[PDB]
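Everything on this sheet refers to the single structure shown next.
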Amino acid sequence: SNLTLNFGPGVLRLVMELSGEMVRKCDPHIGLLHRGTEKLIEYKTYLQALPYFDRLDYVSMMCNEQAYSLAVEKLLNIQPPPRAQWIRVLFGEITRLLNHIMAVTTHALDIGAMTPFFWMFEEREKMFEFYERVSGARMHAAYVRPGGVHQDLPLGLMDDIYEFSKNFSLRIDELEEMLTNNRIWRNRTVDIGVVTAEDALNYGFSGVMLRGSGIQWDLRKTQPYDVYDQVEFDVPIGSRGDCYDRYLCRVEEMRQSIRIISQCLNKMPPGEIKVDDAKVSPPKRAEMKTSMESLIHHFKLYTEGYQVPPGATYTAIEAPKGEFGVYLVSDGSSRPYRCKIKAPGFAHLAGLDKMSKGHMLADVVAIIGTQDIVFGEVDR
Amino acid sequence: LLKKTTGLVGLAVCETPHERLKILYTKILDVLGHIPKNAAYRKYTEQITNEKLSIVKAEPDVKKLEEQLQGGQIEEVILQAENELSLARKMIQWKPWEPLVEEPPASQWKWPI
Amino acid sequence: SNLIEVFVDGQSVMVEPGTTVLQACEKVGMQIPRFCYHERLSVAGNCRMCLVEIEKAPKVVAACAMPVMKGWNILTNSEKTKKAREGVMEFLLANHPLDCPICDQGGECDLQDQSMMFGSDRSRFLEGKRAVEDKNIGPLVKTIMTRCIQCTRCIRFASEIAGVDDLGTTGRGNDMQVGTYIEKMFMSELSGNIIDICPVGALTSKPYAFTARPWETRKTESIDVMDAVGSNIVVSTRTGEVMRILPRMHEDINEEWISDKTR
Amino acid sequence: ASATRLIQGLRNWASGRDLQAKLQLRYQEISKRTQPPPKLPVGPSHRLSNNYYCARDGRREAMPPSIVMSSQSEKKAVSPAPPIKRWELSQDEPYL
Amino acid sequence: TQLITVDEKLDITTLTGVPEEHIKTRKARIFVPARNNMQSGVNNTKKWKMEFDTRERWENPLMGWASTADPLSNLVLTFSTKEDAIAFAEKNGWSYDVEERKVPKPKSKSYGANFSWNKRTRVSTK
Amino acid sequence: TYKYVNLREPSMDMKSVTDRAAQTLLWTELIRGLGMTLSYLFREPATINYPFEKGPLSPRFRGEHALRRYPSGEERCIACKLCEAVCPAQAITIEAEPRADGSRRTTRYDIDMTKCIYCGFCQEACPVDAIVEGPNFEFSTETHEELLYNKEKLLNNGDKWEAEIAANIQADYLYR
Amino acid sequence: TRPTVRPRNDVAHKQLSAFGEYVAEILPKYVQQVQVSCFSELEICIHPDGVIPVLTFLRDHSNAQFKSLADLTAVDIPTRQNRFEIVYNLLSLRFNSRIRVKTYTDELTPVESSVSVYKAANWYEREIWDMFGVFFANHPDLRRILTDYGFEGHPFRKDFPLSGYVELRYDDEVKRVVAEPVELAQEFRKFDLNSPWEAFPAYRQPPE
Amino acid sequence: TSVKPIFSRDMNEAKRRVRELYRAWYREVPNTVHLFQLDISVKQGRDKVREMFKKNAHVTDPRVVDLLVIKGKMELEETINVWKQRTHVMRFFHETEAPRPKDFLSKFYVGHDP
Amino acid sequence: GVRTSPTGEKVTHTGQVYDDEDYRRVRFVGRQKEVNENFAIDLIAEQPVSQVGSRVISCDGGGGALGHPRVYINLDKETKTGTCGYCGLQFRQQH
Ligand SMILES: CCCCCCCCCCCCCCCCCC(=O)OC[C@H](COP(=O)([O-])OCC[N+](C)(C)C)OC(=O)CCCCCCCCCCCCCCCCC
Ligand code: SF4
Ligand code: SF4
Ligand code: SF4
Ligand code: SF4
Ligand code: FES
Ligand SMILES: [K+]
Ligand SMILES: [Zn+2]
């Protein structure tokens with residue numbers, strides 16, 4: 001016989017079959033945050049369905065906004081204006097900094113290193129000030145929309161993003177001073193959760209979960225979206241497939257996100273921020289209150305919403321947790337017929353059982369840390 | 001030059017990649033000769049396997065073979081040859097060159113409804 | 001049979017002689033945009049929204065009025081058909097008031113909907129608009145005549161179906177006004193159907209006024225009991241309360257009309 | 001910023017970095033909370049002529065999916081795309 | 001063989017998890033929806049719809065909101081044909097009633113009839 | 001276009017082996033981590049003194065809802081129900097009628113603040129700037145039904161916060 | 001049509017059409033349709049007996065190498081007699097491409113589980129069991145994954161209502177969370193949003 | 001009319017699987033009453049099992065009763081393994097739900113439902 | 001312009017007041033009925049009628065884009081003033 005531990009209720013239920021110190025079986029029971037998001041999406045318009053995507057990976061809000069917006073814009077056969085695309089890449093990499101701070105610092109907090117959590121969440125508070133200045137909300141911005149973004153950058157925001165970005169690499173340096181060469185942090189991560197490249201491909205892993213195993217794959221490079229082919233950055237590649245190389249990949253992705261943010265601040269073009277098709281994006285309020293066509297289009301976009309032509313797309317981005325996909329099916333109406341949400345954490349938490357075999361019970365919280373799991377996107 | 005690592009976790013370095021690819025490609029062709037000639041899988045897989053086997057027999061260097069086989073490392077080219085061999089052995093049993101087993105219903109792929 | 005062969009976008013269709021271009025396109029399931037045409041009123045041909053290209057013909061034809069000739073290829077989706085629709089929609093929206101939030105027609109407005117479907121997305125009209133004096137035609141039909149697009153469905157209904165001859169157009173040009181010219185009260189037994197066939201919010205229901213809005217209404221298909229005609233109706237409710245009563249089309253009873261008692 | 005130079009020197013020694021050059025607390029260098037009003041530009045469709053919507057209608061150029069095969073010689077075997085180009089190692093910082 | 005022969009009527013009511021009160025007391029209505037007579041557009045009259053009988057809506061004591069206890073009060077299903085809707089209702093054990101599609105009959109339109117020599121169809125104005 | 005994190009082979013001369021042995025036996029990186037924690041001990045903390053000090057916000061901030069008025073006392077809401085049509089949570093419930101002077105005005109304007117997702121689609125759908133999501137975020141209650149705002153509560157929030165709401169709209173309406 | 005219109009990618013369209021011909025003629029036993037959308041995504045609509053032979057082909061063939069299962073999806077379309085549309089989204093990292101494999105089932109016909117092809121499928125089709133009721137034969141551990149433990153019905157079916165049939169509350173008499181038939185203080189307000197005017201003439205269905 | 005089976009070729013194999021599922025539930029009821037420390041008796045839980053089996057007793061399709069056996073095995077797996085709590089086991093006993101009006105007259109008195 | 005029912009309960013600008021025998025007054029027991037005492041129907045009646053020399057006037061509610069959509073009001077009736085449908089400001093042709 002062997003021990004069965006029911007680690008009850010982010011929130012997760014775990015059914016462990018242990019054989020002493022070792023883990024024989026790990027059965028993650030989920031659905032504790034299943035909210036039926038993508039059934040609720042079927043009864044709402046495309047604009048009304050957008051704020052559900054803020055709340056899936058709720059540390060990667062504008063990235064999921066971007067993925068849903070790219071899906072709807074692909075089905076609408078329209079493209080965002082260039083300044084909107086540069087704002088989306090800028091705030092997508094700010095979002096990537098947010099998520100990797102959350103990932104690395106809570107993964108260190110669950111192992112026992114509680115202090116760089118507090119050090120990096122002040123930087124995270126400043127990036128939430130950036131979200132609040134651009135949209136009015138600290139987390140669920142509802143800002144990146146199909147057609148572009150909702151509102152242009154306020155004056156003086158890019159200077160403050162520059163003042164943040166100029167100092168953030170020292171914050172990464174002192175995080176990396178606390179953890180990377182620390183022998184206690186290395187003993188908790190170096191031989192832990194080793195995934196081969198073939199098993200990572202076969203188990204549907206994506207993002208750092210592939211790149212820690214040496215797979216040279218990044219969707220911003222291979223299948224590029226808005227203006228990621230115009231920014232220059234490197235892709236950190238692991239060598240041993242463990243928790244420690246995935247940690248180093250996330251730290252170096254924060255480095256490369258700072259690099260992309262500097263390039264976005266220097267290459268921000270002038271122009272409009274919504275697509276100038278007023279049958280898709282709402283007109284400005286000054287012309288809504290002056291022009292008859294603009295008032296009609298405002299009325300119909302905020303009550304019926306735009307009709308999307310019939311068809312199905314699978315649109316994926318390189319979200320900070322991995323490949324975030326939307327399989328969006330439109331029937332021709334102004335509401336989605338079907339919206340399957342592909343989250344990286346779903347397949348990663350499915351691979352948790354293989355990743356935890358032969359390890360200890362204290363290694364399982366490290367493996368649940370290195371798979372960056374937010375249960376909003378896992379459960380929908 | 002005896003490459004130290006493939007870079008991929010769990011993918012060991014092959015000592016003799018040329019002889020291993022020759023064995024795998026001739027074994028793919030031997031398995032693939034058990035498929036009827038009118039089957040498109042046999043024609044297409046004989047075509048690409050003969051192309052890869054001629055490239056392997058033409059190039060003594062390992063790195064240049066990797067650049068002109070155009071399939072990444074030579075060890076994942078070996079892994080893909082093994083996958084193609086396993087696939088051909090399964091395609092003999094499935095016999096998927098046969099006609100369509102059943103037509104769909106008349107509005108099964110009509111979208112929108 | 002004496003059916004002639006015409007073409008809608010290359011598709012052949014056999015139509016009776018005397019079939020209009022609009023009806024021939026209706027036989028292949030294409031609905032040509034319209035404002036003044038109504039299939040139970042006489043043909044007016046004056047909103048010009050139904051203008052469609054016949055190929056090898058250098059002039060668009062009014063599809064509601066033009067009979068088809070044998071061998072015409074009707075181009076419902078060609079470039080100059082769409083340009084004709086956008087130009088006519090631009091002229092319809094030039095003087096039209098920015099009233100969609102305060103107008104009861106919003107959400108169920110033909111002008112809104114086929115401005116979205118067939119018009120442009122913005123304005124070039126840099127002038128001041130006309131504003132029309134409202135009329136008083138009774139306690140049933142609220143009249144806001146700045147919204148009128150002069151499609152004359154009013155007048156053709158009151159003349160041909162209601163048999164009243166009290167509505168008309170006074171004036172000339174852009175100052176042409178639909179009304180009664182005097183303080184006269186349009187109280188037929190069928191006077192509420194001009195609320196149905198007015199494509200815009202110029203003629204609205206005065207009892208229904210401001211209370212609901214069409215997207216939030218649940219539509220229950222039911223029967224009139226106010227007489228022994230058995231007029232098919234829609235009871236539109238909202239949050240468990242009856243909002244209004246519209247007609248249903250039944251060709252053998254109430255064709256698409258209801259009496260004012262029913263309404 | 002208000003730290004004395006003894007504490008500032010002890011702090012820079014303990015971190016091993018120059019901390020005053022990159023302070024994590026923000027001061028007068030940030031943007032003003034009251035800004036001048038913007039004048040936002042308009043898009044390319046804000047034109048008074050040559051601006052017909054049918055010449056820029058994105059949703060109406062979407063087509064139904066082209067049916068390649070339906071059930072109602074020595075041609076080359078194909079892949080869904082050309083094989084992916086091998087990534088080049090970083091000239092910036094390869095860690096080699 | 002690898003195929004069995006089931007001659008029974010298709011019935012999935014024990015698998016759908018629907019409570020029995022909302023199977024045997026509900027009346028599904030299968031119908032092409034009538035055109036909104038506020039509008040001349042006919043694109044909402046193209047498909048068949050299945051709705052259910054409206055149950056009680058009452059006033060919320062706190063706010064005056066419309067409270068319901070009917071789970072099927074917002075369920076509207078879309079079908080391409082009448083027979084698909086009938087098969088779906090019979091498959092789920094729903095007692096149904098079907099209204100036939102009401103198409104508008106073809107009208108005889110002539111603009112010249114507005115100006116006849118001797119018929120009553122002359123318009124008195126234009 | 002890619003880099004290898006952790007692909008360094010350590011040097012095996014006696015210098016580097018002795019360096020790693022001194023790091024192992026003399027705990028050098030642990031003293032480095034203690035130095036970094038000691039460095040934050042002598043920094044000024046980031047703590048603001050709430051409630052006397054407040055977190056910085058923008059004029060776009062989406063907080064407590066309010067119904068606004070014209071500069072005559074007439075309420076802006078003309079009952080068009082665009083805000084409840086666009087409301088992703090269906091938090092808004094509107095009933096309307098002509099009032100005694102024939103004006104199109106609401107008799108019911110309810111916002112369930114516990115359904116509300118605070119996304120501000122109502123204020124951007126509003127054609128007359130009637131519903132706004134104002135600047136107040138400090139409106140926690142002791143009971144659930146105190147967050148079920150009717151029209152009287154929302155008009156009192158408008159009359160309460162209008163001096164701030166109008167200046168925030170003045171700062172941002174050119175971006176809208 | 002330059003600034004506001006999405007640019008068409010004719011090269012990828014031609015390549016995916018050629019590869020769809022390739023798949024359709026290598027596997028004519030199961031392939032029913034092959035289509036490429038106007039935004040250049042390839043769909044292979046297959047018979048459900050060929051779930052394992054098609055997906056093993058695309059995973060293992062040297063010109064396909066679709067090693068990654070991005071997503072596995074069902075779609076409920078109640079007007080079809082095979083109402084469930086099982087959707088496989090596959091990623092080839094070698095050829096930098098995506099493919100969609102679509103098949104169908106009704107409530108009672110089992111689909112063969114594809115865990116022997118992609119282990120990634122293990123939870124996804126398990127989700128398809130929980131949300132749609134599609135049984136997957138030869139699945140290792142097929143059970144619910146997202147709903148509550150005693151949950152009746154399959155929620156992403158389109159005849160399943162938005163709010164369910166039961167709701168929970170704490171009952172202090174039995175000292176227990178209990179399930180009762182759902183009563184809403186405010187009914188979800190159904191919006192009829194569809195315009196009665198045709199939006200897209202390119203997608204017009206031929207009439208009766 | 002030629003359909004693909006799930007497990008059973010006809011109704012006899014299907015009744016065999018129903019019968020084995022009933023045997024397994026009958027064996028499990030005392031352990032379920034014990035370890036969930038339920039306030040019901042073993043006889044009452046076995047009567048509830050018999051009620052849930054007799055509720056589906058009208059089905060004549062082998063695939064439908066195969067899916068009913070599959071779902072009953074899933075419920076049993078959620079019961080044997082402590083995945084259900086006490087609340088999920090007691091949801092079969094609608095104890096806080098007031099008894100519905102059964103006859104015509106009391107349904108007439110309380111409301112509009114048929 | 002608030003008034004009071006004979007129960008002592010304030011009547012809102014809608015006209016809502018509970019009846020005397022209505023139990024739902026118990027929610028205000030020990031608490032208050034929140035009413036707004038700035039009735040918009042009384043405040044727009046306090047505005048003077050704008051005398052203009054044109055036949056058609058435009059109203060946007062003031063503030064330009066901060067007001068309402070700009071509408072055009074005809075002033076041909078000398079019996080009745082021309083009222084803005086959005087803001088309720090009313091206009092009269094001075095001739
Ligand atoms: C009064 C003050 C008392 C305290 C003083 C120190 C205070 C500050 C402490 C800060 C760090 C606290 C961290 C807590 C966790 C500690 C973890 C840790 O370090 O684990 C022990 C680590 C474990 O190392 P490890 O296991 O991580 O490293 C891997 C080691 N191999 C490869 C072998 C497996 O180190 C030790 O075990 C060292 C023990 C102490 C040795 C002291 C020095 C002896 C030198 C003798 C002379 C040698 C000369 C050369 C040879 C020739 C001889 C003739
Ligand atoms: S008639 Fe139509 S377009 Fe005109 S104001 Fe009313 S809703 Fe708007
Ligand atoms: S009031 Fe209406 S129906 Fe009458 S002419 Fe004007 S737009 Fe046409
Ligand atoms: S902020 Fe959003 S959820 Fe809240 S009332 Fe406005 S539209 Fe509704
Ligand atoms: S959108 Fe504005 S004017 Fe319209 S109902 Fe809502 S608050 Fe009132
Ligand atoms: S519809 Fe033919 S012109 Fe009005
Ligand atoms: K009307
Ligand atoms: Zn005004």
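In the text below, chain A, chain B and the rest are named by the order of the sequence lines, each starting its count at 1. Values reported hereafter were calculated over all heavy atoms of this structure, with side chains retained and with hydrogens, waters and symmetry mates removed.
- Looking at G/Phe66, only its side chain comes within 4.5 Å of chain D, counting heavy atoms on both sides.
- Only the side chain of G/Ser97 comes within contact range of chain D, with at least one heavy atom under 4.5 Å from a heavy atom of that chain.
- For the pair G/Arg8 and G/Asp10, the salt-bridge criterion is met [side-chain N within less than 4.0 Å of a carboxylate O].
- Neither the backbone nor the side chain of G/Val11 comes within less than 4.5 Å of any heavy atom in chain D.
- Heavy-atom pairs under 4.5 Å with chain G were tallied for D/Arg59, D/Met63, D/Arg56; the largest tally goes to D/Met63.
- When each of G/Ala18, G/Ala199, G/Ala64, G/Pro28 is scored by its heavy-atom pairs under 4.5 Å with chain D, the top score falls to G/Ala199.
- Neither the backbone nor the side chain of G/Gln65 has a heavy atom closer than 4.5 Å to any heavy atom of chain D.
- Salt bridge annotation for G/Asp76-G/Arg83: present, with a cationic side-chain nitrogen under 4.0 angstrom from a carboxylate oxygen.
- G/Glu198 has a carboxylate O that lies under 4.0 Å from a charged side-chain N of G/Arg204, or vice versa, which qualifies the two as a salt bridge.
- Checked against a 6.0 Å centroid threshold, the rings of G/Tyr165 and G/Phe160 count as neighbours.
- If you tally non-hydrogen atom pairs under 4.5 Å between each of G/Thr1, G/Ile99, G/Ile44, G/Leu42 and chain D, the highest count goes to G/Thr1.
- Using a 4.5 Å cut-off between heavy atoms, D/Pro82 touches chain G through backbone and side chain atoms alike.
- Chain G forms the most heavy-atom pairs under 4.5 Å with one residue out of D/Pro80, D/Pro65, D/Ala77, and that residue is D/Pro80.
- The part of G/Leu93 that comes within reach of chain D is its backbone (N, CA, C, O), which places non-hydrogen atoms under 4.5 angstrom from that chain.
- Contacts with chain G were tallied for D/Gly58, D/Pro64, D/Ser70; D/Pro64 has the most, counting heavy-atom pairs under 4.5 Å.
- At a 4.5 Å heavy-atom cutoff, the contact between D/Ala55 and chain G is made by backbone atoms alone.
- Within the 4.5 Å cutoff, side-chain heavy atoms of G/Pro155 are placed close to those of G/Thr147.
- Side-chain contact between G/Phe136 and G/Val134 is present, with at least one heavy-atom pair separated by less than 4.5 Å.
- Note that the OG1 atom of G/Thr105 and the CZ atom of G/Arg80 stand 13.0 Å from one another [nearest 0.5 Å].
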Determine, step by step, whether G/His154 and G/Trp129 satisfy the ring-ring contact (aromatic ring centres under 6.0 Å, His included) criterion, reporting the C-alpha distance in whole Å, the side-chain angles of both residues, the deciding distance to 0.1 Å, and the verdict. CA-CA 8 Å; G/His154 301 288; G/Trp129 168 254; 5.3 Å; yes

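- Interface residue G/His13: only side-chain heavy atoms are found under 4.5 Å from chain D.
- Under a 4.0 Å N-O distance rule, the pair G/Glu21/D/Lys75 qualifies as a salt bridge.
- Annotation: maximal heavy-atom pairing with chain D below 4.5 Å, among G/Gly20, G/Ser17, G/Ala12, occurs at G/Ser17.
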